[PDB]
Ligand SMILES: CNC(=O)COc1cc2cc(Nc3nc(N4C[C@H](C)C[C@H](C)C4)ncc3Cl)ccc2n(C)c1=O
Ligand SMILES: CNC(=O)COc1cc2cc(Nc3nc(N4C[C@H](C)C[C@H](C)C4)ncc3Cl)ccc2n(C)c1=O
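Protein chains in written order, with this note's numbering: chain E, 15 to 136; chain V, 15 to 136.
Okay, here's the thing in structure tokens:
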């Protein structure tokens, strides 16, 4: 029927991360407290429920700058933004709470589910 | 060190395909002979060498419409565009030549490599 390429999706995500690193077609700036993070709107919607809900709306779709709440941990958002482009989540006892709280706000249910499994096993 | 999410990259590609289907943040129109195809510039660069070379250039980065050569097979490009968002390539004896020639023009080396293996086995 159709030939399946097992490592194609991982190769696409790696190339999207290379474009983000080189600032190619990054159409949004995420402001967390005092820290700024440039990313692709499409990647944000695909991994986050909050970013999907914001960018589907035509009033917020063309927004160049998205200002998140100052209560949101900058290191927590950075770990989650890195995870979106690499599929690797840096979860440790020193950041577990900061990552879990940020994943709840960004509406990343599967990340919250793994954060639930992390402190259950540790 | 870092927790690996094996199906994250496939879930991202599936969501990007859902956005393409719903015309959310599709910033380019690809014109093949008389057929039109809307896609994301970032997805094109990630899977194609030709689209990477075009959109890295600042003179062609903001181009809303990309006109390919009329010699390019519309069904051949459609199969390859579908593959970019699904990781599934529809290669059969009736389209093998049309897909191989289009993959060469779009500079998709791994697709050309699988097209090489297809007629070698059939
Ligand atoms: C480890 N991975 C994660 O944690 C990812 O978690 C999440 C990702 C996530 C993505 C989106 N984005 C889209 N959602 C749809 N659809 C919605 C589905 C419920 C139904 C489907 C038809 C369309 N389409 C296109 C996008 Cl871009 C919406 C909500 C999301 N939520 C709530 C998540 O928890
Ligand atoms: C089944 N899959 C395929 O057929 C995909 O095939 C191809 C994909 C492809 C992608 C790009 N795009 C980028 N290439 C880099 N780098 C280049 C690498 C050679 C070195 C690396 C550091 C950066 N970065 C960011 C993008 Cl978006 C360039 C050329 C490409 N060519 C020649 C392909 O044949």
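Cβ atoms here follow ideal geometry from the backbone N, Cα and C, with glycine treated the same way.
Using the beta-carbon count (16 or more within 10 Å), is residue i buried or exposed?
i              : result
residue 116(V) : buried
residue 111(V) : exposed
residue 87(E)  : buried
residue 20(V)  : exposed
residue 75(V)  : exposed
residue 23(E)  : buried
residue 101(V) : buried
residue 58(E)  : buried
residue 73(V)  : exposed
How far does the beta strand (DSSP E) with residue i in it reach, from first residue to last?
i              : result
residue 123(E) : Residue 123(E) -> not in any beta strand (DSSP E); alpha helix (DSSP H) instead, spanning 123 to 135.
residue 81(E)  : 79 to 81
residue 44(E)  : 42 to 46
residue 97(V)  : Premise fails: residue 97(V) lies in the alpha helix (DSSP H), 88 to 100, not in any beta strand (DSSP E).
residue 50(E)  : 49 to 53
Would you say the beta carbon of residue i comes nearer than 8 Å to a heavy atom of ligand 1?
i              : result
residue 24(E)  : no
residue 114(E) : no
residue 54(V)  : no
residue 19(V)  : yes
residue 42(E)  : no
residue 72(E)  : no
residue 125(E) : yes
residue 122(V) : no
residue 117(E) : yes
Please go through the same chain and pick out, in chain order, the residues whose beta-carbon is closer than 8 Å to the beta-carbon of residue i, but skip the five residues on each side of it.
i              : result
residue 122(V) : 61, 62, 63, 94
residue 33(V)  : 39, 40, 54
residue 43(E)  : 50, 51, 52, 78, 79, 80
residue 36(V)  : none
residue 126(E) : 114, 117, 118
residue 107(V) : 136
residue 129(V) : 105, 110, 113, 114, 117
residue 132(V) : 105, 110
Under DSSP, the alpha helix (DSSP H) around residue i begins and ends at which residues?
i              : result
residue 32(V)  : 22 to 35
residue 69(E)  : 63 to 70
residue 110(V) : 110 to 119
Does ligand 2 have even one heavy atom less than 8 Å from the beta-carbon of residue i?
i              : result
residue 32(E)  : yes
residue 61(V)  : yes
residue 135(E) : no
residue 111(E) : no
residue 66(V)  : yes
residue 29(E)  : yes
Among residues of its own chain, excluding the 5 on either side of residue i, which ones have a beta-carbon nearer than 6 Å to its beta-carbon?
i             : result
residue 90(E) : 112, 113, 116
residue 84(E) : 47
residue 69(V) : 55, 59, 75
residue 27(E) : none
residue 82(E) : 46
Tell me which residues share the same chain as residue i and place their Cβ nearer than 7 Å to its Cβ, disregarding the 5 neighbours each side in the sequence.
i              : result
residue 119(V) : 64, 86
residue 66(V)  : 59
residue 97(E)  : 103
residue 30(E)  : 54, 57, 99
For the region 35 to 49 of chain E, which residues have a beta carbon sitting closer than 7 Å to at least one beta carbon of chain A? Among the protein chains in the structure shown, which are E and V, there is no chain A.
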